[PDB]
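Novice: Residue numbers (this note's numbering), protein chains in the order written: chain Z, 1 to 358; chain G, 1001 to 1358; chain D, 2001 to 2358; chain W, 3001 to 3358; chain S, 4001 to 4358.
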Amino acid sequence: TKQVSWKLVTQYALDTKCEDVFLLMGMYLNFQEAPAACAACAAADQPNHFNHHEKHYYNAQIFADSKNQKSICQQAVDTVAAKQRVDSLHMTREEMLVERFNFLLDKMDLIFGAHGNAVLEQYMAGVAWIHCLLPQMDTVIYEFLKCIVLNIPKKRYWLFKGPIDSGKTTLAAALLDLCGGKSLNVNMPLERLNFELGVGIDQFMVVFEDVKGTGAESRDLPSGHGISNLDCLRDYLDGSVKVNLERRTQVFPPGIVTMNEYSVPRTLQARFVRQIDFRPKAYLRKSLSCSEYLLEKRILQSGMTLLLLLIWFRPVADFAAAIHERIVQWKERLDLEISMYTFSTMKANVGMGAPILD
Amino acid sequence: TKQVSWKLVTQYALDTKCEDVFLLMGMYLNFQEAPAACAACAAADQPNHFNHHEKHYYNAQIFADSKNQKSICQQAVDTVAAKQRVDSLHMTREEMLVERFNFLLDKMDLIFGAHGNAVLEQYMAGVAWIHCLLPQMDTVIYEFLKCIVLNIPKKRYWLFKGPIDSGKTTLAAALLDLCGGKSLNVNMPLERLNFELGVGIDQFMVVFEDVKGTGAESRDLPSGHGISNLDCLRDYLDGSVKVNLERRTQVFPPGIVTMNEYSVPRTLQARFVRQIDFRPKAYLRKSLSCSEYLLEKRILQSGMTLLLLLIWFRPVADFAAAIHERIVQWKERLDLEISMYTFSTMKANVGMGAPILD
Amino acid sequence: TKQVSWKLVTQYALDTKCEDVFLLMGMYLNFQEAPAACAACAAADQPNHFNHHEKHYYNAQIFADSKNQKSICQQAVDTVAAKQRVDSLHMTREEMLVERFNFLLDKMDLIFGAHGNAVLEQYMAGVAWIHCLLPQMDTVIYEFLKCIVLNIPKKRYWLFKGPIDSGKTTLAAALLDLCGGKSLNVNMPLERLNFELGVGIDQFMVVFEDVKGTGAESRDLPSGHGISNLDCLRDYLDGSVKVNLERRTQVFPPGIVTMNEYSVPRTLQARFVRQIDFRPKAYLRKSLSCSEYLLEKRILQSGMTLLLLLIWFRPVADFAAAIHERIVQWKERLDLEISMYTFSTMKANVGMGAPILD
Amino acid sequence: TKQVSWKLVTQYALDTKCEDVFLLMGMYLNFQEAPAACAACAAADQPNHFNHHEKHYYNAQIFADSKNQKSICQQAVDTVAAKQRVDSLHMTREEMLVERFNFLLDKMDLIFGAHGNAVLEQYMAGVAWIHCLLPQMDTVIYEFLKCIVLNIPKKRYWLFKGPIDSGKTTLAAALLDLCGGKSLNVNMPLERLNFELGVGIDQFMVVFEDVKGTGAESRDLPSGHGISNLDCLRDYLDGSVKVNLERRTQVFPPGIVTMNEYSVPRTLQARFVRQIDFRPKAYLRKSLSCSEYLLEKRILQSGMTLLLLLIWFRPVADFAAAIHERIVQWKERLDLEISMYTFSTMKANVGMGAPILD
Amino acid sequence: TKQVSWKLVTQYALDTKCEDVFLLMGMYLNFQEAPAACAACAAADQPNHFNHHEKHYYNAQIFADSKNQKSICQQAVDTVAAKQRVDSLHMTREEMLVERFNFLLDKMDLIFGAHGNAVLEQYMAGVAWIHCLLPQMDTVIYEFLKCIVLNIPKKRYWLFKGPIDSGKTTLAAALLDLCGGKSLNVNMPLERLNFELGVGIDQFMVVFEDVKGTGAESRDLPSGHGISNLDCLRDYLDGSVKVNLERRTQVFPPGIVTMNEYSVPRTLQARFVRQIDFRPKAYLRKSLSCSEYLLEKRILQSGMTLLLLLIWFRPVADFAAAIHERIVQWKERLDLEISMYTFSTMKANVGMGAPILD
Ligand SMILES: [Zn+2]
Ligand SMILES: [Zn+2]
Ligand SMILES: [Zn+2]
Ligand SMILES: [Zn+2]
Ligand SMILES: [Zn+2]
């Protein structure tokens, strides 16, 4: 009988960075029907399907007849995790960021292309809103990227502080999506903490989202174990040494801590190289209300919006040499749809609390 | 010796959406006797049997001789879960709803057909009672379906509030059955919470049923951790970002929260785009008492009752194009059994607290 | 079909001391392309790749076609752990230290060589700062190494005591990296303690880092279970007998305990042969501020910095005979870059709180 | 292809009493190179290597080519545990002690032989110090051995009571090493107790080391659950019946309980056939300070020191017939190095707090 | 190659009632050397060896060459447990007792035979002491056996109450050994209780040994959860219905509850068909002190002592027909060693607190 090439299944998982055994199994089985009459290839809207169907057709037919499908996929997903282990030790942090940027640019080429449904002007309206959230926003994003790539001990964490609806959660989520990584919850007791801290294994950055303090009930701020927990994770935050994570011995990822207006102990404050305070701006909330596509299409939380922001404001030299050709094609695309004049009109509209797109 | 086709067992599980290894094993073994003398095929009351017996007979005989039955079924059930993973990422939410609607219509074709035991007039009496529970009920159901399909961040949860016997539990259960999904219990301590929150993996919607508050003992309302737990799951409820679920990284499903008349903190209230208050109506309870078939046949909790409601009130254009032919056949079926005149008589009977069917 | 040599995969894991199944898998797969056109071999910056690619090429190609990759790697990683078991019982502690010294010297030959990116003068500036942290620092480091190698019962633990930014954490981390071993956290309750104490299995030394006491809130020192836990581990600290560790029956490793200025009970104090008090020195902090490369390149926490310190101050006879040839080549390398005169200038610069490198 | 003899691997584990799968794997792989050029055989310092290398060479070469090494070793280690099960039920307790005595004498032949590094006069100085710890010490050791071999119900436990540095921990550790067995910690809560009590499975004796009481803080004695726990283990201590141990249904091993000067409840006191009180003796501490080799080489905690003590004081008839030939050779060895005159000088030196060896 | 007969290994486990995989493995390997030169067969002191060596020699040699020894033994031990399942449902309780009696008589034939070391007169002295513990002791033992065999609901538990050294623990242990079964500890909290209650699966009887109450500290009686736990296990004690045990759905075994002089709640008291109060008798303690062999050889806790008691007092008709031939041979053996006259002298000696044997 015919033998399935485990190596070809592995190659597909590697090309698509597949970390889910069931997702790989499902995607591979979907290559078993003739590409000539494939409606999915014809629609050309899922690159992980249409760019691989022809190369994997004959092997996928054999795979459909296999009595050992889960094992084939488990080896393929293990090889992807093995590659991630190698890269976490050999790749420079700049190459890691280039890899994430190429991933976001692939999505961008799809959603804003001939077979996509995203509206580029809507994302650019998102860029304008984000550029109004803080002064020198392109520099704030750029200085954050440099802090994450350089990963300097004791100078690797930023504190985002402010009430709800201040944009702190949105910007931290957008930054996490731009760099790739995980959001953690440290509001649990120390007993459960180590398995949550384990979520940081081989991650480029982390966000300790919505960390809570105590005795702030008189200000209507909920109680939690977060601030105390963080105050006891100086080694995780400092990144001076490798920590023993459980779920690897590695430097805990750098990142962001977001929190409401709680009292920050002197010891925990010393852990942050920077603190950005987010305050409610009526015009930002009003403009967002008038530009519902931003909320509906989850634009403000997107790393593609921050990459678009960076491509709009920064020259080709501000990007690593390996992505120069993609930045050039994207700058040409943005010039066709918006000008510095119309971009400035969008920002004036945000400032007035008016719809961003006229 | 003869070899069992694992692929054919998988196809049967896929066609029947089988997620239970033991159920698949039992159903497949029941195909091993000759279809010509099969009493189950003759009775024609179980489509998952009678539509597959002929196609699976020879393979089922070989399967009966297999020394590896559980493994064959485990691969088949894994392929179904693999397909669900693919669909959760590639299918649009409208296609997901069409899939659930075709599932309910299959059941409807069976129970109200030549080999069924359900009484269509009884279900239509259920439609009349449900249409009396709230004003513009067909619009309330339709606006809910649009909120679940659109899945807009921060505008994805409805709050059903009221005492017991007010119809809040019944309507939330009927809506969950119409969309497909799971009911969750968050009245447990936060330590056990994450495995309950895990029940939401690849689910189209969820219901946090009968969430409890504190200090309402003076109103005879029981104490529980539910309201506090929900107030700490802003990220799960908002659906602005993907959450790390344990039992996948995904947007937590949208849905409903049902609760008795507890105090709702300002922070948790902000999480709900809509709040429907359910109050006891003597006529509704009296009419239900006089129409016992509704309780006995579990009609008021059924998604088939809400689909029948939708088919009765809404034109073919209000349904996705893919189910237009099935809606037409069902509208013709309903016209034969009830008219707008007799439907209005049923509602007047509900309003009087009289039996719905004269 | 061709058969993968499990023995050759094992040999690669043994030569590289590979303890991670996924890392081994990834590294071995990276040998599958022709060495003649290998960019990684051409770059010559990863010895675990370039020194093994030619020897493992044909086997790695066969390994890429294997349906049992994880099993091959699990046996290889088990053989490495088996070797560690044999060595923990048969190797003398001096041979164990020589093994760690040869590991650090391999890294040093790489980072300061033709294909490395480290700056030797920066590390020597680190040596000068460390030599200013305590009087007779080369003797303090040397007397520590003798205490760890001799492993004398009740005379095997040193206590590092002082406030934050006093250099106690940095020096303990640098000593742990020079000897090889693990840092432990005993601030948890006794229930979780035994699995943490298990981290010490086959380890040459341990550091109980940042151990906390109670009732020091009035001095802004956080509360924890550490000091009490240690006071109940007399058998672990004394090393008079073998302890039953869970994760082996062995003598618990010797080491260091670091802590802030808490009260030390008379019983726990008796456990330490030496106590070094670390006090803040403004000039040390100022000099470090002016010499940012030390913080950025994690030089002060490095065992390579302490080995460089030892090679600078101590003659060839102070090192075991087995590494005499490597010490000689390193003394010649250091003489080319620094003199006793310029080294003394660096220390005077530290003393002034000025940049270490002029 | 050549087949590895699993039976020969098992025989090696049986001859060496190997209970560790990884240690067996490592030791067996070390037999794969030619014995003719083996440096380890030439050094003749590890009998578990040099007495087996020639017999296992060809099989070890085949073992190096095996794809199932861990399984081969797991069966070998299971056979050793199987043998221990058989012996625990069929061997008399005298034969069990002879087995332990032959194990200690094997170590003694090695460390004090041509390829050993131990100094016999140092161990004999240890014998002199131990003989000064209590009156009639050779009789105390001999009466203990008889209590452990006879294993009489309710007359099987001795209580060692005294402050720290009184020699109670040292003597209990030395007795445990002379008989073979495990030290247990019962200071934990009853919930974790049963898995600790499980450490006693197939053990010849146990030591409940440093058991703590309550309300002794006013005497600077730490609090713990030990004394209370023991007071509830009358069945374990009495050994009248078999207990259900978890980690077997067996009589819990006899042994020793060591503790500081806590109050012992009347019920727990009744459990001990003997109580030896250890008080600080300045001369013993002073002599030990002047004879540092005892501490450095862990002589006072060694069962070889107590066996040497027994061989020095007791005639050949006091030992089981099966070890008479080994006792004779050891008495001849001791006569060459010490006389009753010089032994008495050593004891006088201990009594003066002077170095034991002049 | 030669094949090991798994069926023959199973037969050996069945003949010896082997429930331990490791013990079976060890015993089977000990059949591999020639029976002609077997010292163990020559000694004739272990029937599980000498009665099976010849029948299992050739198979044991093949077993020594097996690469799957643990699996062979696991199937054999599973077959023994399978047989126990069948017997627990099909055997009458009288047949179960006959099976236990034949097991004790096998041990008796060995220890009191030509190759045994037990002294029958010592056991008969034990019989005399036990016959002095309560009036009509042969009837008390006989009425207990009838209560356990009949297993009548609500009339299946006896309560043994008294201080320590009153003989309650000894007699309950002797009765448990005569019937076969397990001793349980219910002094733990209800959370751990169900796994302890699970120890009763397929057991003929159980003893809840040394059950504790509360608020008896003023009488120097320790506190525990036992009495409260038992008061909540009415269904387990009553045996009216099957209980769901976890570690089977079965009637919980009948048995005994032993306890010190605590207050017994009215509800728990109702659970016991009989209560025997044990009070200290100075003469019994004095006689035991003068007859140390009873304590040393664990005679008073032995089911063989109670069987000997029964054989001495009761005629052949009081025993089941299936063991009549063995009772006759044992009555002839006892008549040779003791008479009714000398037995009465032994009891008079117990009554005087004198040595039992003159
Ligand atoms: Zn396609
Ligand atoms: Zn059929
Ligand atoms: Zn290469
Ligand atoms: Zn050798
Ligand atoms: Zn034999």
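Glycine residues also receive a C-beta, built at the ideal position from the N, C-alpha and C atoms.
Within its chain, find whatever has a CB closer than 8 Å to the CB of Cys2290(D); leave out the 5 residues flanking it on each side and keep chain order.
Specialist: Sequence index remark: in the third sequence, residue 2290(D) carries index 290 (1-based). Counting only Cβ-Cβ distances below 8 Å, and skipping sequence neighbours, we find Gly2353, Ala2354, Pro2355 and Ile2356.
Novice: By DSSP, does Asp1065(G) sit in helix, in strand, or in coil?
Specialist: Indexing the second sequence from 1 puts residue 1065(G) at position 65. DSSP places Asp1065(G) in coil when its eight states are reduced to three.
Novice: Just checking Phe50(Z) against ligand 7 - is the residue's beta carbon closer than 7 Å to any of the ligand's heavy atoms?
Specialist: Ligands present in the displayed structure are limited to ligand 1, ligand 2, ligand 3, ligand 4 and ligand 5, and ligand 7 is not among them.
Novice: Taking Cβ positions only, does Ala173(Z) come closer than 8 Å to chain G?
Specialist: By 1-based counting over the first sequence, the position of residue 173(Z) is 173. For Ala173(Z), the answer is yes, since a Cβ of chain G falls inside 8 Å of its Cβ.
Novice: Have a look at the DSSP bridge pairing and note the partners of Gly4181(S).
Specialist: The sequence position of residue 4181(S) within the fifth sequence is 181, counting from 1. Its beta-bridge partners are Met4205(S).
Novice: Any heavy atom of ligand 5 closer than 7 Å to the CB of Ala4040(S)?
Specialist: Against the fifth sequence, residue 4040(S) aligns to sequence position 40. Yes, Cβ of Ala4040(S) sits closer than 7 Å to a heavy atom of ligand 5.
Novice: Can you name the start and end residues of the beta strand (DSSP E) that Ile3256(W) belongs to?
Specialist: Working through the fourth sequence from its first residue, we reach residue 3256(W) at position 256. Looking at the DSSP string, the run of the beta strand (DSSP E) that includes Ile3256(W) is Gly3255 to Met3259.
Novice: Just to confirm the assignment: which complete alpha helix (DSSP H) runs, minimum length 4, are found wholly within the segment 203-249 of chain Z?
Specialist: Here the runs fully enclosed are 226-231 and 234-238.
Novice: Could you please tell me which residues of the segment 1211-1232 of chain G, in chain order, have their CB closer than 9 Å to any CB of chain B?
Specialist: Any reference to chain B falls outside this structure, whose protein chains are Z, G, D, W and S.
Novice: Let me check you understand the geometry: is the CB of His3053(W) closer than 7 Å to at least one non-hydrogen atom of ligand 4?
Specialist: For the purposes of this step, residue 3053(W) is identified with residue 53 of the fourth sequence, where counting begins at 1. Indeed, a heavy atom of ligand 4 lies less than 7 Å from the Cβ.
Novice: State the Cα-Cα distance for the pair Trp4312(S) and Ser4166(S), rounded to the nearest angstrom.
Specialist: In the fifth sequence, residue 4312(S) corresponds to position 312, counting from 1. In the fifth sequence, residue 4166(S) corresponds to position 166, counting from 1. C-alpha separation (whole angstroms): 24 Å.
Novice: Identify the continuous alpha helix (DSSP H) that holds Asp2109(D) and give its terminal residues.
Specialist: Start at 1 with the first residue of the third sequence, and residue 2109(D) comes out as number 109. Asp2109(D) -> alpha helix (DSSP H) spans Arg2093 to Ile2111.
Novice: Starting from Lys3161(W), follow its DSSP beta bridges and name the residues at the other end.
Specialist: Sequence index remark: in the fourth sequence, residue 3161(W) carries index 161 (1-based). For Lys3161(W), which the question treats as bridged, DSSP gives the partners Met3259(W) and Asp3277(W).
Novice: Give a yes or no on whether the C-beta atoms belonging to residue 438(Z) and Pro253(Z) are separated by under 8 Å.
Specialist: In the structure as shown, chain Z begins at 1 and stops at 358. Residue 438(Z) is therefore absent and cannot be evaluated.
Novice: Would you verify that the beta carbon of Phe4022(S) is, or is not, closer than 8 Å to some beta carbon of chain W?
Specialist: Here the question's residue 4022(S) lines up with position 22 in the fifth sequence. So, interface residue.
Novice: Using only alpha-carbon positions, find the residue among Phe160(Z), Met25(Z), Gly215(Z) and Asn102(Z) that is nearest to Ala60(Z).
Specialist: Walking along the first sequence from the start, residue 60(Z) turns up at place 60. The candidate whose alpha carbon is nearest that of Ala60(Z) is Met25(Z).
Novice: Could you compute how far the alpha carbon of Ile1130(G) sits from the alpha carbon of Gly1226(G)?
Specialist: Start at 1 with the first residue of the second sequence, and residue 1130(G) comes out as number 130. Start at 1 with the first residue of the second sequence, and residue 1226(G) comes out as number 226. Cα to Cα, the separation comes out at about 28 Å.
Novice: Would DSSP call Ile1299(G) helix, strand or coil?
Specialist: Position 299 of the second sequence, counting from 1, holds the residue named residue 1299(G). Looking at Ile1299(G) - three-state DSSP - the assignment turns out to be coil, as it is neither helix nor strand.
Novice: How would you write the range of the alpha helix (DSSP H) that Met4188(S) sits in, first residue to last?
Specialist: Within the fifth sequence, residue 4188(S) is the residue found at index 188, counting from 1. From DSSP, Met4188(S) is part of no alpha helix (DSSP H); its letter is neither H nor E.
Novice: If the cut is a Cβ gap below 7 Å, which residues of chain D does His56(Z) touch?
Specialist: Numbered from 1 along the first sequence, position 56 holds the residue referred to as residue 56(Z). Here the premise fails: no neighbours, minimum Cβ distance about 17 Å.
Novice: Contact between the segment 4154-4165 of chain S and the segment 4237-4251 of chain S is defined here as three or more beta-carbon pairs at a separation below 8 Å; is this criterion met?
Specialist: Contact between the segment 4154-4165 of chain S and the segment 4237-4251 of chain S is present, because at least three Cβ pairs lie under 8 Å.
Novice: Which term fits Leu3268(W), buried or exposed, when burial requires 16 or more other beta carbons within 10 angstroms of its beta carbon?
Specialist: For this step, residue 3268(W) is matched to residue 268 along the fourth sequence. Buried.
Novice: Please state whether the Cβ-Cβ distance between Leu4233(S) and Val4211(S) is less than 8 Å.
Specialist: As a first step, residue 4233(S) must be located in the fifth sequence, where it is residue number 233. As a first step, residue 4211(S) must be located in the fifth sequence, where it is residue number 211. Not a contact, by the Cβ cut-off of 8 Å.
Novice: Please report whether the beta-carbon of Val2004(D) lies at a distance below 8 Å from any beta-carbon of chain Z.
Specialist: Counting from one through the third sequence, the residue named residue 2004(D) turns up at place 4. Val2004(D) does not count as touching chain Z.
Novice: Please check if any C-beta of chain Z sits within less than 8 Å of the C-beta of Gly2303(D).
Specialist: In the third sequence, the residue the question calls residue 2303(D) occupies position 303. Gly2303(D) does not count as touching chain Z.
Novice: Contact defined as beta carbons within less than 8 Å: I believe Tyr1293(G) pairs with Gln1084(G). What is the distance between those atoms, to the nearest angstrom?
Specialist: In the second sequence, the residue the question calls residue 1293(G) occupies position 293. In the second sequence, the residue the question calls residue 1084(G) occupies position 84. Actually they are not in contact, since the Cβ atoms of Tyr1293(G) and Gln1084(G) sit about 35 Å apart, beyond 8 Å.
Novice: Going by beta-carbon coordinates alone, are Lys1017(G) and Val1080(G) separated by less than 8 Å?
Specialist: Within the second sequence, residue 1017(G) is the residue found at index 17, counting from 1. Within the second sequence, residue 1080(G) is the residue found at index 80, counting from 1. Yes, the pair counts as a contact, with Cβ atoms nearer than the cut-off.
Novice: At a CB-CB cut-off below 9 Å, which residues of chain W make contact with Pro2254(D)?
Specialist: Within the third sequence, numbered from 1, the residue matching residue 2254(D) stands at position 254. The premise fails here: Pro2254(D) is roughly 13 Å from chain W at the closest Cβ pair, so nothing lies under 9 Å.
Novice: Does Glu2033(D) come within less than 8 Å of chain Z when only Cβ atoms are used?
Specialist: One-based indexing of the third sequence puts residue 2033(D) at position 33. False, the Cβ-Cβ gap to chain Z never drops below 8 Å.
Novice: Excluding five sequence neighbours on each side, which residues of the same chain lie with their C-beta closer than 8 Å to the C-beta of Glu94(Z)?
Specialist: Stepping through the first sequence from its first residue, residue 94(Z) is reached at position 94. The residues are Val149 and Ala320.
Novice: Roughly how many whole angstroms lie between the Cα atoms of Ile2164(D) and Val186(Z)?
Specialist: Position 164 of the third sequence holds residue 2164(D). Position 186 of the first sequence holds residue 186(Z). Those two C-alpha atoms are separated by around 24 Å.
Novice: Would DSSP call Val3119(W) helix, strand or coil?
Specialist: Numbered from 1 along the fourth sequence, position 119 holds the residue referred to as residue 3119(W). In the structure shown, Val3119(W) sits in coil (DSSP, three-state: anything other than H, G, I, E or B).
Novice: Could you round the C-beta distance between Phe3195(W) and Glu3246(W) to whole angstroms and report it? I think they count as a contact, below 8 Å.
Specialist: Walking along the fourth sequence from the start, residue 3195(W) turns up at place 195. Walking along the fourth sequence from the start, residue 3246(W) turns up at place 246. Confirmed, Cβ separation roughly 7 Å.
Novice: Counting along the chain, where does the alpha helix (DSSP H) carrying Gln2329(D) start and finish?
Specialist: Residue mapping note: residue 2329(D) aligns to position 329 of the third sequence, counting from 1. Its alpha helix (DSSP H) spans residues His2324 to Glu2337.
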